[PDB]
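In: Opening piece of the complex, as it sits:
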Amino acid sequence: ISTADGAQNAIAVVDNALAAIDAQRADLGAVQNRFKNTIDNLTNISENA
Amino acid sequence: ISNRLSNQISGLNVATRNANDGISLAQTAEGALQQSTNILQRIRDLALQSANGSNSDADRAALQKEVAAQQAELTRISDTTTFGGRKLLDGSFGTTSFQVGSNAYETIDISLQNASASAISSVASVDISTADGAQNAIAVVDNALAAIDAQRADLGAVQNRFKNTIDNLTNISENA
Amino acid sequence: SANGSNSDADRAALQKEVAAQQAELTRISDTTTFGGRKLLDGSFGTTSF
Amino acid sequence: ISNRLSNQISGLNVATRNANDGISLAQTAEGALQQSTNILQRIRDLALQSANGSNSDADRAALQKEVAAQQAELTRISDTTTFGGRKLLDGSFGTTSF
């Protein structure tokens, strides 16, 4: 960071960059929902079998 | 009369088995469509989250990514229902028949929805990110979601038809 | 359906249930083949015992 | 007498359902008209704020703008009450039966 010109450009870096973390955490959260729904159908196929 | 009659009784027993297997099959279809239903409700909710003019376009893209995940799940529920290996409702199911008596062609035809993933135009088509797509999306999933439930209606009625059929069936058995 | 608050779309859904039940009436009407000369659908000829 | 009677009982149960749905419908109408009521009270209040001869004509125009906003809200409460998609009270409701 130490230079001011790097202080602002830094914020551009971590701004476009931080949202990739959260893009993943989004995806994985959805994948956990996909799991839960999958299981909810799964135990039904189990019971019906 | 006892040979023919006994053969009839046996056919009736086998029909109890087959009708009950049908109830269980249509049960599987019901549950899978409960999950696709909950999903497509969710997709509607995200379209409503996007219609918020204050929700920035970047986060609208994030919503779209969640939607796409949910859509992949619709493709999965669409698959994975392999009762017997000739699975329920994705792609092409051939509108089979379930016999419920002892005579040939004395069956219940059932009409599972040909597809779920791409054909509820498509749910997967929509790509919410733009506001003009947020509202039109709701039109899509509104006319579209009620086809799922039109089926779940039909099949629920078919399960009632099964139960009534069986209730008469065991009477014909007892009378024979 | 006579519930004025029940929307016309859901009235159509009710109608679909009804139609299913009607197909079941056609089935109970059939399927009663005592002897192959079944009971009550179509034309039964008023037999004697 | 048991078949007819049972059919009657079932109809009575369905009637409990339908009447209660009617209570809930008329409830929705009530609430929407609570909000339109509060608004039209408010519009009255602004007319009373305007009758103040000391209130300048420019600020009377400002009051009018608030009123117009409230009027758009009356159009919105008028809409948006889609119970079933055949909504309550705006435009033409056809005097149904329960």
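Out: Happy to help now that I have it. Numbers count the residues shown, from 1 in each chain, chains lettered A, B, ... in the order given.
In: and stretch A:41-49 with chain B, contact?
Out: Yes: with CB under 8 Å from any CB of the partner chain as the measure, stretch A:41-49 is seen reaching chain B through A:41, A:44-45, A:48. Just so you know, the C-beta spots here come from the backbone N, C-alpha and C atoms, and that holds for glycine as well.
In: export that stretch as PDB, just CAs?
Out: As requested, C-alpha coordinates have been extracted for stretch A:41-49 and formatted as PDB (Å, rounded to 0.1, in the frame of the first residue of the first chain):
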ATOM      1  CA  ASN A  41     -36.200 -36.100  -2.500                       C
ATOM      2  CA  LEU A  42     -33.700 -38.900  -1.700                       C
ATOM      3  CA  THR A  43     -35.300 -40.100   1.400                       C
ATOM      4  CA  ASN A  44     -38.600 -40.100  -0.400                       C
ATOM      5  CA  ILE A  45     -37.200 -42.500  -3.100                       C
ATOM      6  CA  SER A  46     -35.900 -44.500  -0.200                       C
ATOM      7  CA  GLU A  47     -39.300 -44.700   1.500                       C
ATOM      8  CA  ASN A  48     -41.100 -45.500  -1.700                       C
ATOM      9  CA  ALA A  49     -38.600 -48.200  -2.600                       C
END
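In: Same question for that stretch: list its buried residues.
Out: For stretch A:41-49, the neighbour count (16 or more other CB atoms under 10 Å in any protein chain shown) marks A:41, A:44-45, A:48 as buried.
In: What segments of chain A are helices?
Out: For chain A, applying DSSP state H gives helices covering A:4-48.
In: How about the residues of it by chain B?
Out: Residues of chain A lying close to chain B by CB under 8 Å from any CB are A:19, A:22-23, A:26-27, A:29-31, A:33-34, A:37-38, A:40-41, A:44-45, A:48.
In: The following sequence is to be added as chain E:
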Amino acid sequence: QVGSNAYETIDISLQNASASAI
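Out: Let me add chain E to what's already shown:
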């Protein structure tokens, strides 16, 4: 949007500009 149906929304009309246009 303030309901559940499409186009059931409140349009809002923020002033296009503040700096040079008041």
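In: Run through the residues that contact whichever residue of chain A sits closest to chain E.
Out: Nearest residue of chain A to chain E (CB to the nearest CB) works out as residue A:33 at 21.5 Å. By CB atoms under 8 Å, 6 or more residues apart in numbering or on different chains, the residues touching residue A:33 are B:69-70, B:73.
In: Out of those residues, which is nearest to chain D?
Out: Relative to chain D, and with distances defined as CB to the nearest CB, the nearest of the contacts of residue A:33 is residue B:70, at 25.3 Å.
In: Residue A:12 and chain B, how far apart?
Out: For residue A:12, the distance to chain B under the criterion CB to the nearest CB, to the nearest Å works out to 14 Å.
In: what's the burial count for that residue?
Out: Neighbours of residue A:12 under the rule other CB atoms under 10 Å in any protein chain shown: 9.
In: Give me the most central residue, chain A.
Out: The residue lying closest to the centre of chain A (CA atoms, centre = their mean) is residue A:25, at 1.7 Å.
In: residues contacting that one?
Out: For residue A:25, no residue meets the contact criterion (CB under 8 Å, 6+ apart).
In: next one: the one 4 residues further on
Out: Shown here is residue A:29, whose contacts under the criterion CB under 8 Å, 6+ apart are residue B:66.
In: Check residue A:44 too.
Out: B:27-28, B:31-32.
In: and the two most separated of these?
Out: Of all pairs drawn from the contacts of residue A:44, the greatest distance, 9.8 Å, lies between B:27 and B:32 (CB to CB).
In: Which residue is it, in chain A, that comes closest to chain C?
Out: Taking CB to the nearest CB, chain C has its nearest neighbour within chain A at residue A:48, 21.5 Å off.
In: add chain F to the structure above, sequence below:
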Amino acid sequence: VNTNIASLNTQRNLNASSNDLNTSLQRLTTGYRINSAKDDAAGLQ
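Out: Once chain F is put in with the chains from before, the structure reads:
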């Protein structure tokens, strides 16, 4: 008399009542008349 047609009927009405109880419990667990399709269109639609 081998068939013993009193038991047979009793078996029937027993399995019917037992289907009704199995469902009744299903209605009590989640506390919903509606848990699947076999109820109705008025159930879900």
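In: quick recheck of the contacts of residue A:29 now chain F is there?
Out: With contacts defined as CB under 8 Å, 6+ apart, residue A:29 is in contact with residue B:66.
In: For chain F, give the residue positioned nearest to chain D.
Out: Of all residues in chain F, the one sitting closest to chain D is residue F:42 (8.7 Å; CB to the nearest CB).
In: That residue is in contact with residue C:16, isn't it?
Out: No: with the criterion set as CB atoms under 8 Å, residue F:42 and residue C:16 do not qualify as a contacting pair; they are 11.6 Å apart.
In: What residue in chain F comes nearest to chain E?
Out: residue F:45 (17.3 Å).
In: What's the separation between that residue and chain B?
Out: Distance of residue F:45 to chain B, computed by CB to the nearest CB: 5 Å.
In: That residue reaches residue C:13, doesn't it?
Out: Yes: Residue F:45 lies in contact with residue C:13 (CB under 8 Å); the separation is 4.3 Å.
In: Counting neighbours, go ahead and name the busier of these two.
Out: Neighbour count, other CB under 10 Å: between residue F:45 and residue C:13, residue C:13 has more, with 22 against 18.
In: residue contacts, that one?
Out: Remark: with contacts taken as CB under 8 Å, 6+ apart, residue C:13 is in contact with B:149-150, B:153, F:41, F:45.
In: cool, and residue F:34?
Out: For residue F:34, the residues meeting the contact criterion (CB under 8 Å, 6+ apart) are F:43-44.
In: Wait, a helix at it?
Out: No: when the secondary structure is assigned by DSSP: H, G, I helix; E, B strand; the rest coil, residue F:34 falls in coil instead of a helix.
In: ok, it to residue B:25 distance?
Out: 20 Å (CB to CB, to the nearest Å).
In: and what of residue F:19?
Out: Counting by CB to CB, the gap between residue F:19 and residue B:25 amounts to 17 Å.
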